[PDB]
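Beneath this line is the structure, given in structure tokens, with notes to follow.
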Amino acid sequence: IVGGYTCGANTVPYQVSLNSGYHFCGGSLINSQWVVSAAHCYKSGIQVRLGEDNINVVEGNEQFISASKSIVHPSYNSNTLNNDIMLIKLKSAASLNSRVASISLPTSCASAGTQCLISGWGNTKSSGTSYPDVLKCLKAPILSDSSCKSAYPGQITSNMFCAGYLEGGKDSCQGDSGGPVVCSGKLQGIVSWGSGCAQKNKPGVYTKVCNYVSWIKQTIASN
Ligand SMILES: [Ca+2]
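Counting from 1, one number per residue, gives the positions in the sequence shown under the numbering used here.
As structure tokens, this is what we get:
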């Protein structure tokens, strides 16, 4: 997250870190057994880390739980990032508590202009590289579809939305991928892509989770 703030330990209690020997992507806990992330974060051998603040220090509230299954969307296209969503099942149910909690899925899609909370352990620099140890947060508005299409002509599908600041300076970034965009208490986006980070006229692009609620529900009903 570039231009964000330190969230505060365990105040984003649905935020997970996906670990394959190191943090490589975020995700969102949607119930005791399941995490939503980005399909472009797929790796074999994922350990889900819940209750994290500093990902390099054991602080006492973590639950580390292996993935048993990952399910990339049937229509994910890695070339265009359309349908950039993945489900990850945990080998055992998380113990839900004040610091490890699920985030609601949406019923309706989010409104343009809504200020959402984006979080992660990704790069904090627009030019160069610095990865934080503690979880970072950013408040960012959903941009209009017209504005998003203008920014990335030919590349925005109905399953994507843009959010952030066209003047630059505030965005998600590498390593935030797969983590949450929460709007009105619902998981409405997944950190997906963007040209660079926090560059002028190049806002973040996010998977539009409200297009996936029927696939998420039938998949979890079946696995
Ligand atoms: Ca930790």
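Heads up, the beta-carbon is just placed ideally off N, CA and C, and yes, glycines get one too.
About 7 angstroms separates the CB atoms of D84 and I190; that is less than 8 angstroms, so the two are in contact.
The closest heavy atom of ligand 1 lies less than 6 angstroms from the beta carbon of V57. With a threshold of 6 angstroms, the Cβ atom of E52 counts as near ligand 1, since some heavy atom of the ligand is closer than that.
Taking 7 angstroms as the cut-off, the beta carbon of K89 is found closer than this to the beta carbon of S68.
Rounded to whole angstroms, the separation of the alpha carbons of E167 and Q199 is 7 angstroms. At a Cβ-Cβ threshold of 7 angstroms, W193 and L81 count as neighbours. Rounded to whole angstroms, the Cβ separation of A39 and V16 is 16 angstroms, and the two are not in contact under 8 angstroms.
Of the other Cβ atoms in all chains shown, fewer than 16 fall within 10 Å of the Cβ of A93; this residue is therefore exposed. A direct Cα-to-Cα measurement between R99 and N10 gives close to 5 angstroms. Separation of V35 and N79 (C-alpha to C-alpha, rounded to the nearest whole angstrom) is 24 angstroms. By the neighbour-count definition (other C-beta atoms within 10 Å, threshold 16), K186 is a buried residue. Proximity of the region 155-162 to the region 133-140 falls short of the contact definition, fewer than three beta-carbon pairs being nearer than 8 angstroms. Nearest in C-alpha terms to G122, of all of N31, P180, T207 and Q188, is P180. When secondary structure is reduced to three states using DSSP, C197 falls in the coil class, being assigned neither helix nor strand. Counting only runs that start and end inside the region 138-214, the beta strand (DSSP E) elements of at least 3 residues fall at 160-163, 180-183, 186-193 and 204-208.
According to the DSSP secondary-structure assignment, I103 is paired through a beta bridge with no residue. Take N211, set aside five residues on each side of it, and the residues of its chain with a beta-carbon closer than 6 angstroms to its own are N159, in chain order. Distance from the CA atom of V57 to the CA atom of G8, rounded to whole angstroms, is 15 angstroms. Here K170 is buried: its Cβ has 16 or more other Cβ atoms, across all protein chains shown, within 10 Å. Distance from the Cα of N223 is smallest, within the candidate group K91, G204, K149 and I142, for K91.
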